[PDB]
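Okay, run08.cif is below, mmCIF, C-alpha atoms and all ligand atoms:
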```
data_entry
#
loop_
_atom_site.label_atom_id
_atom_site.label_comp_id
_atom_site.auth_asym_id
_atom_site.auth_seq_id
_atom_site.Cartn_x
_atom_site.Cartn_y
_atom_site.Cartn_z
CA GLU A 4 4.93 -6.05 -79.36
CA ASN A 5 2.26 -8.18 -77.67
CA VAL A 6 -1.13 -8.18 -79.43
CA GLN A 7 -4.64 -8.85 -78.08
CA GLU A 8 -7.72 -9.40 -80.28
CA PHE A 9 -11.33 -8.85 -79.18
CA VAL A 10 -14.68 -9.71 -80.73
CA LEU A 11 -17.48 -7.44 -79.54
CA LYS A 12 -21.10 -8.49 -80.03
CA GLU A 13 -23.73 -5.76 -80.41
CA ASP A 14 -24.18 -3.63 -77.26
CA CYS A 15 -20.89 -4.82 -75.74
CA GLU A 16 -17.86 -2.73 -74.76
CA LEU A 17 -14.16 -3.53 -74.51
CA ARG A 18 -12.93 -2.24 -71.16
CA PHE A 19 -9.17 -1.93 -70.84
CA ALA A 20 -6.66 -0.18 -68.61
CA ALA A 21 -3.18 0.68 -69.84
CA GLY A 22 -0.26 -0.59 -67.75
CA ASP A 23 1.70 1.51 -65.24
CA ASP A 24 4.70 1.80 -67.58
CA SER A 25 3.58 1.36 -71.19
CA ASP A 26 1.28 2.79 -73.88
CA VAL A 27 -1.60 0.79 -75.35
CA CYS A 28 -2.52 1.21 -79.02
CA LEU A 29 -6.11 0.51 -80.07
CA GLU A 30 -7.24 -0.25 -83.62
CA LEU A 31 -10.76 -0.93 -84.87
CA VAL A 32 -10.28 -3.59 -87.56
CA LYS A 33 -13.94 -4.46 -88.26
CA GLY A 34 -17.33 -2.81 -87.82
CA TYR A 35 -18.28 0.31 -85.89
CA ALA A 36 -17.28 1.42 -82.40
CA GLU A 37 -17.21 4.51 -80.18
CA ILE A 38 -15.23 5.65 -77.15
CA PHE A 39 -17.33 7.74 -74.74
CA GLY A 40 -19.54 9.02 -77.57
CA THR A 41 -16.85 9.67 -80.19
CA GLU A 42 -16.96 7.42 -83.27
CA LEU A 43 -13.75 5.56 -84.03
CA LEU A 44 -12.34 5.56 -87.55
CA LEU A 45 -11.72 2.14 -89.11
CA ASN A 46 -8.04 1.09 -89.04
CA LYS A 47 -6.96 4.26 -87.19
CA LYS A 48 -4.36 3.74 -84.46
CA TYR A 49 -5.27 5.37 -81.14
CA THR A 50 -2.34 5.48 -78.72
CA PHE A 51 -3.42 5.69 -75.07
CA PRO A 52 -0.85 6.73 -72.42
CA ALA A 53 -0.03 4.68 -69.29
CA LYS A 54 -2.81 4.20 -66.69
CA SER A 55 -5.58 5.12 -69.18
CA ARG A 56 -8.96 3.51 -68.45
CA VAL A 57 -11.06 3.21 -71.59
CA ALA A 58 -14.29 1.68 -72.88
CA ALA A 59 -14.84 1.09 -76.58
CA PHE A 60 -18.56 0.45 -77.14
CA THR A 61 -20.37 -0.90 -80.21
CA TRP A 62 -24.05 -0.72 -81.18
CA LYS A 63 -23.85 -3.30 -84.01
CA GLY A 64 -20.67 -5.33 -83.37
CA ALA A 65 -16.92 -4.81 -83.69
CA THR A 66 -13.50 -6.46 -83.76
CA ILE A 67 -10.75 -4.54 -81.94
CA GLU A 68 -6.97 -4.97 -81.75
CA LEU A 69 -4.94 -3.92 -78.70
CA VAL A 70 -1.16 -3.54 -79.01
CA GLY A 71 0.94 -3.12 -75.85
CA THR A 72 0.93 -4.26 -72.23
CA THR A 73 -2.45 -3.86 -70.53
CA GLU A 74 -3.21 -3.92 -66.80
CA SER A 75 -6.68 -5.26 -67.62
CA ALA A 76 -8.66 -6.02 -70.80
CA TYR A 77 -12.08 -7.68 -71.12
CA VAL A 78 -15.39 -7.42 -73.00
CA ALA A 79 -18.47 -6.43 -70.99
CA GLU A 80 -21.89 -7.54 -72.27
CA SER A 81 -23.87 -5.32 -69.89
CA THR A 82 -23.76 -1.50 -70.01
CA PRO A 83 -26.10 1.46 -69.28
CA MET A 84 -25.42 2.87 -72.78
CA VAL A 85 -29.02 2.82 -74.11
CA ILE A 86 -30.01 4.92 -71.08
CA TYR A 87 -27.64 7.70 -72.22
CA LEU A 88 -29.01 7.36 -75.75
CA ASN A 89 -32.60 7.68 -74.51
CA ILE A 90 -31.61 10.69 -72.35
CA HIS A 91 -30.06 12.31 -75.45
CA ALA A 92 -33.11 11.49 -77.62
CA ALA A 93 -35.44 13.01 -75.00
CA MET A 94 -33.38 16.23 -75.02
CA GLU A 95 -33.55 16.44 -78.82
CA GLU A 96 -37.34 16.02 -78.60
CA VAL A 97 -37.46 19.10 -76.34
CA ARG A 98 -35.36 20.99 -78.91
CA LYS A 99 -37.75 20.09 -81.76
CA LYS A 100 -40.83 21.10 -79.73
CA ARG A 101 -39.37 24.47 -78.72
CA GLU A 102 -38.07 25.23 -82.24
CA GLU A 103 -41.62 24.75 -83.57
CA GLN A 104 -42.97 27.27 -81.03
CA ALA A 105 -40.49 30.12 -81.66
CA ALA A 106 -41.39 32.52 -84.49
CA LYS A 111 -35.50 32.37 -80.10
CA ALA A 112 -35.87 28.75 -78.93
CA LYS A 113 -34.00 27.85 -75.73
CA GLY A 114 -32.35 24.43 -75.48
CA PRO A 115 -32.92 21.96 -72.61
CA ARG A 116 -30.56 22.13 -69.63
CA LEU A 117 -29.40 19.02 -67.83
CA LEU A 118 -27.79 18.71 -64.40
CA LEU A 119 -25.65 15.67 -63.59
CA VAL A 120 -25.43 14.92 -59.87
CA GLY A 121 -23.98 12.13 -57.72
CA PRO A 122 -21.04 11.17 -55.49
CA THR A 123 -17.41 10.59 -56.52
CA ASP A 124 -16.42 7.69 -58.83
CA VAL A 125 -19.77 7.19 -60.61
CA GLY A 126 -18.59 8.17 -64.11
CA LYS A 127 -20.20 11.62 -64.10
CA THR A 128 -17.50 13.13 -66.36
CA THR A 129 -17.78 10.14 -68.73
CA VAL A 130 -21.58 10.48 -68.97
CA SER A 131 -21.34 14.24 -69.62
CA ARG A 132 -18.85 13.55 -72.44
CA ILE A 133 -21.16 10.95 -74.04
CA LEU A 134 -24.18 13.27 -73.84
CA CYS A 135 -22.21 16.18 -75.35
CA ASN A 136 -20.83 13.98 -78.16
CA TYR A 137 -24.32 12.66 -78.96
CA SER A 138 -25.64 16.24 -79.14
CA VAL A 139 -22.80 17.15 -81.54
CA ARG A 140 -23.50 14.01 -83.60
CA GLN A 141 -27.13 15.20 -83.80
CA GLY A 142 -25.88 18.49 -85.31
CA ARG A 143 -26.17 20.58 -82.15
CA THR A 144 -23.66 22.76 -80.30
CA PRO A 145 -24.29 22.31 -76.57
CA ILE A 146 -22.56 24.26 -73.80
CA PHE A 147 -20.70 22.02 -71.38
CA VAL A 148 -20.56 23.45 -67.86
CA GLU A 149 -18.02 22.19 -65.31
CA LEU A 150 -18.80 23.07 -61.67
CA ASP A 151 -16.35 20.55 -60.16
CA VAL A 152 -13.52 22.66 -58.70
CA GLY A 153 -11.61 19.50 -57.70
CA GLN A 154 -11.27 17.74 -61.05
CA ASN A 155 -11.85 19.86 -64.15
CA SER A 156 -11.97 18.65 -67.77
CA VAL A 157 -12.05 22.23 -69.12
CA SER A 158 -9.47 24.19 -67.11
CA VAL A 159 -7.08 23.76 -64.14
CA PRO A 160 -8.22 22.62 -60.66
CA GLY A 161 -10.01 25.27 -58.59
CA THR A 162 -12.10 26.53 -61.50
CA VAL A 163 -15.72 26.80 -62.56
CA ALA A 164 -15.65 26.61 -66.36
CA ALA A 165 -17.73 26.31 -69.54
CA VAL A 166 -17.03 25.60 -73.23
CA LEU A 167 -19.19 25.63 -76.36
CA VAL A 168 -18.99 22.14 -77.88
CA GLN A 169 -18.85 22.28 -81.69
CA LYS A 170 -17.00 19.03 -82.38
CA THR A 171 -16.93 15.57 -80.79
CA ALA A 172 -14.25 14.96 -78.16
CA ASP A 173 -10.85 13.80 -79.34
CA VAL A 174 -10.57 10.15 -78.29
CA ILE A 175 -7.33 10.78 -76.36
CA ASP A 176 -7.46 14.53 -75.65
CA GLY A 177 -11.17 15.08 -74.94
CA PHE A 178 -12.99 18.28 -75.91
CA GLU A 179 -11.18 21.26 -77.42
CA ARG A 180 -10.63 24.26 -75.16
CA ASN A 181 -12.38 26.50 -77.70
CA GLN A 182 -12.27 29.90 -75.94
CA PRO A 183 -13.40 28.71 -72.47
CA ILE A 184 -15.27 30.86 -69.95
CA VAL A 185 -13.25 30.31 -66.77
CA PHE A 186 -13.79 31.61 -63.23
CA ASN A 187 -11.08 31.21 -60.58
CA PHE A 188 -12.26 29.67 -57.30
CA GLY A 189 -8.76 28.91 -55.98
CA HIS A 190 -9.67 25.80 -53.96
CA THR A 191 -10.06 22.08 -54.70
CA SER A 192 -13.16 21.88 -52.48
CA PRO A 193 -16.25 24.16 -52.32
CA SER A 194 -16.27 23.74 -48.51
CA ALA A 195 -13.22 26.04 -48.35
CA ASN A 196 -15.40 29.02 -49.39
CA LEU A 197 -19.10 28.19 -49.76
CA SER A 198 -20.38 31.75 -50.37
CA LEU A 199 -17.80 32.33 -53.13
CA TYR A 200 -18.59 28.98 -54.79
CA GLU A 201 -22.30 29.85 -54.94
CA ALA A 202 -21.49 33.33 -56.26
CA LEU A 203 -19.31 31.88 -59.03
CA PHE A 204 -21.79 29.39 -60.52
CA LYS A 205 -24.55 32.02 -60.27
CA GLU A 206 -22.25 34.40 -62.17
CA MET A 207 -21.48 31.61 -64.65
CA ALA A 208 -25.23 31.12 -65.20
CA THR A 209 -25.85 34.87 -65.64
CA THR A 210 -22.90 35.18 -68.05
CA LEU A 211 -24.06 32.25 -70.20
CA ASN A 212 -27.69 33.42 -70.25
CA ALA A 213 -26.49 36.71 -71.80
CA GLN A 214 -24.01 34.97 -74.14
CA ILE A 215 -26.75 32.77 -75.68
CA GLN A 216 -28.80 35.88 -76.56
CA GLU A 217 -26.05 36.63 -79.10
CA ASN A 218 -25.83 33.03 -80.40
CA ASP A 219 -28.91 31.15 -81.68
CA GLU A 220 -27.12 27.79 -82.07
CA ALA A 221 -25.60 27.91 -78.57
CA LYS A 222 -29.04 28.79 -77.17
CA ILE A 223 -30.87 25.83 -78.76
CA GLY A 224 -27.83 23.58 -78.13
CA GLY A 225 -28.70 23.67 -74.44
CA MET A 226 -26.50 22.86 -71.46
CA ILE A 227 -24.94 19.79 -69.92
CA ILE A 228 -23.81 20.60 -66.38
CA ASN A 229 -21.34 18.51 -64.36
CA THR A 230 -21.18 18.92 -60.56
CA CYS A 231 -18.67 17.99 -57.85
CA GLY A 232 -19.17 14.75 -55.87
CA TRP A 233 -20.12 16.57 -52.65
CA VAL A 234 -23.71 15.44 -51.99
CA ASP A 235 -23.85 15.61 -48.17
CA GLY A 236 -24.63 18.53 -45.85
CA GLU A 237 -24.02 21.91 -47.48
CA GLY A 238 -23.19 20.12 -50.75
CA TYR A 239 -26.83 19.11 -51.15
CA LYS A 240 -27.91 22.79 -50.99
CA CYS A 241 -25.36 23.66 -53.71
CA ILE A 242 -27.04 21.11 -56.01
CA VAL A 243 -30.50 22.64 -55.43
CA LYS A 244 -29.05 26.14 -55.96
CA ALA A 245 -27.21 25.12 -59.15
CA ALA A 246 -30.46 23.60 -60.44
CA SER A 247 -32.30 26.87 -59.75
CA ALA A 248 -29.63 29.28 -61.07
CA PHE A 249 -29.18 27.34 -64.32
CA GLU A 250 -32.96 26.77 -64.68
CA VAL A 251 -32.46 23.07 -65.47
CA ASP A 252 -35.16 20.98 -67.16
CA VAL A 253 -33.60 17.61 -66.31
CA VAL A 254 -31.63 16.28 -63.33
CA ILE A 255 -29.78 12.98 -63.73
CA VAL A 256 -28.74 11.24 -60.49
CA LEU A 257 -25.92 8.68 -60.82
CA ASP A 258 -25.88 5.86 -58.26
CA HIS A 259 -27.38 7.60 -55.20
CA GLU A 260 -30.94 6.64 -54.21
CA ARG A 261 -31.10 8.87 -51.10
CA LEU A 262 -30.06 11.94 -53.13
CA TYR A 263 -32.66 10.96 -55.75
CA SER A 264 -35.31 10.60 -53.03
CA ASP A 265 -34.43 13.98 -51.45
CA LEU A 266 -34.34 15.88 -54.77
CA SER A 267 -37.73 14.45 -55.84
CA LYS A 268 -39.34 16.19 -52.84
CA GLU A 269 -37.61 19.59 -53.17
CA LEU A 270 -37.21 20.27 -56.91
CA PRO A 271 -40.06 22.05 -58.76
CA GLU A 272 -42.60 19.68 -60.34
CA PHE A 273 -41.67 20.56 -63.95
CA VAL A 274 -38.10 19.25 -63.47
CA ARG A 275 -37.70 15.68 -64.76
CA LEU A 276 -35.64 13.59 -62.35
CA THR A 277 -33.94 10.39 -63.51
CA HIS A 278 -31.97 7.89 -61.44
CA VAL A 279 -29.40 5.91 -63.42
CA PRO A 280 -26.94 3.23 -62.28
CA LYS A 281 -23.19 3.76 -62.56
CA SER A 282 -21.35 1.73 -65.21
CA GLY A 283 -19.61 -1.42 -63.97
CA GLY A 284 -16.50 -0.12 -65.75
CA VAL A 285 -16.04 2.78 -63.33
CA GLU A 286 -13.15 2.24 -60.89
CA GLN A 287 -12.99 4.02 -57.52
CA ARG A 288 -10.15 6.49 -56.98
CA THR A 289 -8.10 7.20 -53.85
CA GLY A 290 -6.74 10.53 -52.54
CA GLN A 291 -3.33 9.86 -54.12
CA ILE A 292 -4.84 9.23 -57.58
CA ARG A 293 -6.92 12.45 -57.51
CA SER A 294 -3.91 14.48 -56.33
CA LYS A 295 -1.80 12.98 -59.14
CA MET A 296 -4.53 13.63 -61.74
CA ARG A 297 -4.87 17.25 -60.55
CA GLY A 298 -1.12 17.67 -61.17
CA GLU A 299 -1.54 16.04 -64.58
CA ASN A 300 -4.36 18.50 -65.34
CA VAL A 301 -2.08 21.47 -64.57
CA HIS A 302 0.67 19.92 -66.74
CA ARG A 303 -1.81 19.46 -69.60
CA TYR A 304 -2.86 23.13 -69.39
CA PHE A 305 0.64 24.49 -70.08
CA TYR A 306 2.33 21.71 -72.08
CA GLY A 307 -0.71 20.18 -73.81
CA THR A 308 -0.80 16.59 -75.06
CA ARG A 309 1.09 14.16 -77.32
CA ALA A 310 -1.16 14.83 -80.33
CA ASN A 311 -1.57 18.56 -79.65
CA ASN A 312 1.67 19.86 -78.14
CA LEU A 313 1.55 23.26 -76.45
CA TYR A 314 4.68 25.35 -75.93
CA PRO A 315 4.57 27.47 -72.74
CA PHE A 316 6.98 30.37 -72.14
CA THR A 317 9.19 30.82 -69.08
CA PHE A 318 9.99 34.50 -68.48
CA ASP A 319 10.77 36.80 -65.54
CA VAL A 320 8.20 39.32 -64.29
CA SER A 321 8.95 42.37 -62.14
CA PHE A 322 6.70 42.85 -59.08
CA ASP A 323 6.30 46.52 -60.06
CA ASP A 324 4.63 45.48 -63.34
CA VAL A 325 1.98 43.25 -61.71
CA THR A 326 -0.52 43.34 -58.84
CA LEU A 327 -0.88 40.14 -56.80
CA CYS A 328 -4.25 39.61 -55.11
CA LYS A 329 -6.08 37.00 -53.03
CA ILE A 330 -9.78 36.37 -52.35
CA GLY A 331 -10.56 35.56 -48.71
CA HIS A 349 -14.53 38.13 -45.08
CA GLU A 350 -15.18 35.29 -47.55
CA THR A 351 -15.84 37.50 -50.59
CA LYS A 352 -13.51 40.26 -49.36
CA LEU A 353 -10.54 41.20 -51.56
CA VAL A 354 -6.97 41.11 -50.21
CA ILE A 355 -3.96 42.73 -51.91
CA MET A 356 -0.86 40.50 -51.77
CA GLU A 357 2.72 41.58 -51.14
CA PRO A 358 5.35 39.53 -53.07
CA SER A 359 6.57 36.73 -50.79
CA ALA A 360 8.27 33.32 -50.80
CA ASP A 361 4.93 31.64 -50.03
CA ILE A 362 3.58 32.37 -53.54
CA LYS A 363 6.11 29.90 -54.99
CA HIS A 364 4.64 26.89 -56.87
CA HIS A 365 1.15 28.44 -56.62
CA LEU A 366 -1.03 29.04 -59.68
CA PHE A 367 -2.18 32.58 -60.51
CA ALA A 368 -5.12 33.72 -62.64
CA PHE A 369 -4.96 36.61 -65.10
CA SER A 370 -8.16 38.50 -64.27
CA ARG A 371 -10.24 40.20 -66.97
CA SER A 372 -10.74 43.08 -64.53
CA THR A 373 -8.29 45.90 -65.35
CA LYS A 374 -8.21 46.99 -61.69
CA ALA A 375 -7.58 44.92 -58.55
CA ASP A 376 -10.86 45.83 -56.81
CA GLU A 377 -14.50 44.73 -56.34
CA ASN A 378 -14.77 43.59 -59.98
CA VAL A 379 -12.10 40.86 -59.61
CA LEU A 380 -14.46 38.72 -57.49
CA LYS A 381 -16.93 37.96 -60.30
CA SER A 382 -14.76 38.60 -63.38
CA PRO A 383 -13.73 35.72 -65.66
CA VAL A 384 -10.03 35.07 -66.35
CA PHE A 385 -7.79 35.09 -69.45
CA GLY A 386 -5.89 32.07 -68.16
CA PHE A 387 -3.31 30.88 -65.65
CA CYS A 388 0.42 31.03 -64.94
CA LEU A 389 2.67 29.08 -62.56
CA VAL A 390 5.19 30.83 -60.31
CA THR A 391 8.31 28.64 -60.51
CA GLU A 392 10.99 30.89 -58.98
CA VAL A 393 10.82 33.87 -56.60
CA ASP A 394 13.69 36.36 -56.67
CA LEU A 395 13.03 38.68 -53.71
CA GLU A 396 16.44 40.34 -54.16
CA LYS A 397 15.97 41.31 -57.83
CA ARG A 398 12.22 41.91 -57.27
CA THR A 399 11.31 39.45 -60.05
CA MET A 400 9.49 36.12 -60.39
CA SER A 401 9.77 33.37 -62.99
CA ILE A 402 6.41 32.27 -64.39
CA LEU A 403 5.31 29.52 -66.78
CA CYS A 404 2.82 31.16 -69.14
CA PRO A 405 0.86 29.88 -72.20
CA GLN A 406 1.50 33.11 -74.16
CA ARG A 407 4.49 35.39 -74.85
CA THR A 408 3.43 38.33 -72.65
CA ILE A 409 1.11 38.68 -69.64
CA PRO A 410 -2.53 39.18 -70.78
CA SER A 411 -3.36 41.01 -67.53
CA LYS A 412 -1.58 42.99 -64.81
CA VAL A 413 -3.97 41.63 -62.16
CA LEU A 414 -2.93 38.22 -60.83
CA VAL A 415 -5.40 36.31 -58.64
CA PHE A 416 -4.12 33.76 -56.10
CA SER A 417 -4.93 30.05 -56.25
CA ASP A 418 -4.19 27.63 -53.39
CA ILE A 419 -3.46 24.89 -55.94
CA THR A 420 0.28 24.16 -56.07
CA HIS A 421 2.21 22.44 -58.86
CA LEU A 422 5.80 21.17 -58.96
CA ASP A 423 7.26 21.23 -62.48
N1 LIG B 501 -17.74 2.12 -69.00
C1 LIG B 501 -16.44 2.30 -68.66
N2 LIG B 501 -15.51 1.36 -68.92
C2 LIG B 501 -14.21 1.52 -68.59
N3 LIG B 501 -13.74 2.62 -67.98
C3 LIG B 501 -14.56 3.65 -67.66
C4 LIG B 501 -16.00 3.55 -67.99
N4 LIG B 501 -16.57 4.69 -67.57
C5 LIG B 501 -15.60 5.45 -67.02
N5 LIG B 501 -14.40 4.83 -67.08
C6 LIG B 501 -13.10 5.35 -66.58
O1 LIG B 501 -13.15 5.54 -65.16
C7 LIG B 501 -12.45 6.74 -64.80
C8 LIG B 501 -13.36 7.65 -63.99
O2 LIG B 501 -14.46 8.08 -64.80
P1 LIG B 501 -15.08 9.55 -64.61
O3 LIG B 501 -13.96 10.56 -64.53
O4 LIG B 501 -16.19 9.74 -65.61
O5 LIG B 501 -15.74 9.38 -63.15
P2 LIG B 501 -16.17 10.62 -62.24
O6 LIG B 501 -17.07 10.09 -61.15
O7 LIG B 501 -16.67 11.73 -63.13
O8 LIG B 501 -14.75 11.05 -61.60
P3 LIG B 501 -14.62 11.74 -60.14
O9 LIG B 501 -14.75 10.59 -59.18
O10 LIG B 501 -13.24 12.35 -60.19
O11 LIG B 501 -15.74 12.74 -60.06
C9 LIG B 501 -11.97 7.39 -66.09
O12 LIG B 501 -10.57 7.13 -66.25
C10 LIG B 501 -12.76 6.70 -67.19
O13 LIG B 501 -12.02 6.56 -68.40
MN MN B 502 -15.80 13.72 -62.68
#
```

Can the structure in the file be given as structure tokens, please?
Amino acid sequence: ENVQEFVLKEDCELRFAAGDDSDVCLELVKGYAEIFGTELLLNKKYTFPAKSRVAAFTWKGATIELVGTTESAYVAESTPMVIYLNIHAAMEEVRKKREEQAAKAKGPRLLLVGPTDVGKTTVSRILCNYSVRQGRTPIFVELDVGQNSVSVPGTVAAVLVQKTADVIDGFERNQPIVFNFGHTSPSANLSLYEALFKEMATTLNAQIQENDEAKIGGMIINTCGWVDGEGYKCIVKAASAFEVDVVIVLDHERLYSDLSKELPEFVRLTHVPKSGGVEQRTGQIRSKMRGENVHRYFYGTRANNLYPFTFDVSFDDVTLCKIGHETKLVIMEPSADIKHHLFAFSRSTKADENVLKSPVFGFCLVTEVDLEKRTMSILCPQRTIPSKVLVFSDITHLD
């Protein structure tokens, strides 16, 4: 196999993209390095799948080996990494101050805002990892219903972060709090989207009353890239509902300017540039990555393989339901049009008013529809159905 060697001076990062066909294996052979906030272990082999875009950053200097065919591979001497460090350090200062005034202390809450392709997910991951490396357990909140690092597309989700992200796999799905939105864009149902992140905020505020570490750990909140029109109001409303102390704007000066004049005076507002290592995505890439996200939910990853079950379910044993006048509940009759659609197992025992704002156990995929036998084949993470109430999602997946 073809080998590439890289010498990284202090405060430099190796930016590489895996080829379209082949895996790239990374090894740190000298010094200290990190990938999006997670420390790399010396001489450990990290295998990245095809089309992976990765930055390995070093604070003090590193030598890194790459094995395999790369699409691109170069060392960048200029990064916004110290900015993220200073943001983290400022949050930890707020923690210390509030801990010394409680005799429980509530952790600082940060809102990340900006358009698509600015590295918002990457920055959230770094900030969470740094909090973990400080000894904290932050709550990571994902409001982006298009691309979700916690659950499937069409979800508003949150996880308690107790360990640094796996270099390849990201953060562990340690009992996630997931709400089903059922659309890739908030513009499909604006009143429901607002209701869901307000419910998320209310849920978490009550959860942290039972957990001191989660409370002081604070919140890092990722938004969708919709900054124009009604999307701007969602940002202001998310900031209010989550009672954020800090708003970080990535690469959008007009949004920064507008938020500085509307947000309460106590809210610290920081504009940061996007990393030069962020590549812009097209519609095809996002659609492919959404499909890859669904596939990861059921089947897992290379390192952590999940084994989903494929079993038949009678329509008499389940209740199919759809949301959408906008927040109105609709009972679904078994049809051919439910094929390839995702369905959420609601935590509500009855298909009624409670379904709208209830979290979900998880998701299944309807693969086959047997209208003659009155059964449907579903791909499900567990052996039996966790709920009899199945909530419709407009997200389709071909498997
Ligand atoms: N400094 C960097 N060097 C190299 N690659 C990077 C860097 N930062 C981010 N990337 C890569 O760019 C891609 C997009 O990053 P990320 O998902 O954080 O952007 P985003 O704006 O949150 O995405 P979206 O546009 O879907 O909202 C990812 O594959 C990530 O690995
Ligand atoms: Mn993102």

Region 26-141 of chain A near region 147-162 of chain A within 12 Å: what's each residue's closest atom pair and its distance in Å to one decimal, counting only C-alpha atoms, ordered by chain then ascending residue number, as CSV?
```
residue,atom,partner,partner_atom,distance
A:116,CA,A:147,CA,10.0
A:117,CA,A:147,CA,9.9
A:118,CA,A:148,CA,9.3
A:119,CA,A:149,CA,10.2
A:120,CA,A:150,CA,10.7
A:121,CA,A:151,CA,11.6
A:122,CA,A:151,CA,11.5
A:123,CA,A:154,CA,10.5
A:124,CA,A:154,CA,11.5
A:127,CA,A:151,CA,10.5
A:128,CA,A:156,CA,7.9
A:129,CA,A:156,CA,10.3
A:130,CA,A:147,CA,11.8
A:131,CA,A:147,CA,8.0
A:132,CA,A:147,CA,8.7
A:133,CA,A:147,CA,11.4
A:134,CA,A:147,CA,9.7
A:135,CA,A:147,CA,7.2
A:136,CA,A:147,CA,10.5
A:138,CA,A:147,CA,10.9
A:139,CA,A:147,CA,11.5
```

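Here CA of residue 200 (chain A) stands at a distance of 12.2 Å from CA of residue 164 (chain A).
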
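Closest approach to residue 111 (chain A) from the set A:390, A:279, A:226, A:221 is made by A:221, with distances taken over all atoms listed in the file.
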
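Considering the residues A:267, A:5, A:411, A:214 and counting only C-alpha atoms, residue 375 (chain A) has its shortest atom-to-atom contact with A:411.
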
Compile the contact shell of residue 102 (chain A) as a VMD selection string: residues with an atom at most 12 Å away, counting only C-alpha atoms, same-chain residues fewer than 3 positions apart removed.
-> chain A and resid 95 to 99 105 to 106 111 to 115 219 to 220 222 to 224

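Each of A:383, A:232, A:371, A:250 was compared to residue 212 (chain A) using only C-alpha atoms, and A:250 turns out to be the nearest.
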
Between CA of residue 31 (chain A) and CA of residue 17 (chain A) lies a distance of 11.2 Å

Expected residue set, 9 Å radius at (-5.8, -6.0, -66.3), only C-alpha atoms, as an NGL selection string | :A and (19-22 or 73-77)

Go ahead and write the residues just picked, C-alpha atoms, as a PDB file, in the coordinates of the input.
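Saved result, selection27.pdb, follows:
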```pdb
ATOM      1  CA  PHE A  19      -9.170  -1.930 -70.840  1.00  0.00           C
ATOM      2  CA  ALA A  20      -6.660  -0.180 -68.610  1.00  0.00           C
ATOM      3  CA  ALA A  21      -3.180   0.680 -69.840  1.00  0.00           C
ATOM      4  CA  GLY A  22      -0.260  -0.590 -67.750  1.00  0.00           C
ATOM      5  CA  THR A  73      -2.450  -3.860 -70.530  1.00  0.00           C
ATOM      6  CA  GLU A  74      -3.210  -3.920 -66.800  1.00  0.00           C
ATOM      7  CA  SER A  75      -6.680  -5.260 -67.620  1.00  0.00           C
ATOM      8  CA  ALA A  76      -8.660  -6.020 -70.800  1.00  0.00           C
ATOM      9  CA  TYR A  77     -12.080  -7.680 -71.120  1.00  0.00           C
TER      10      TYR A  77
END
```

Which polymer residues have any atom within 8 Å of an atom of region 317-320 of chain A, counting only C-alpha atoms, with same-chain residues fewer than 5 positions away left out, as a list in words?
-> residues 325, 399, 400, 401, 402, 403 and 404 of chain A
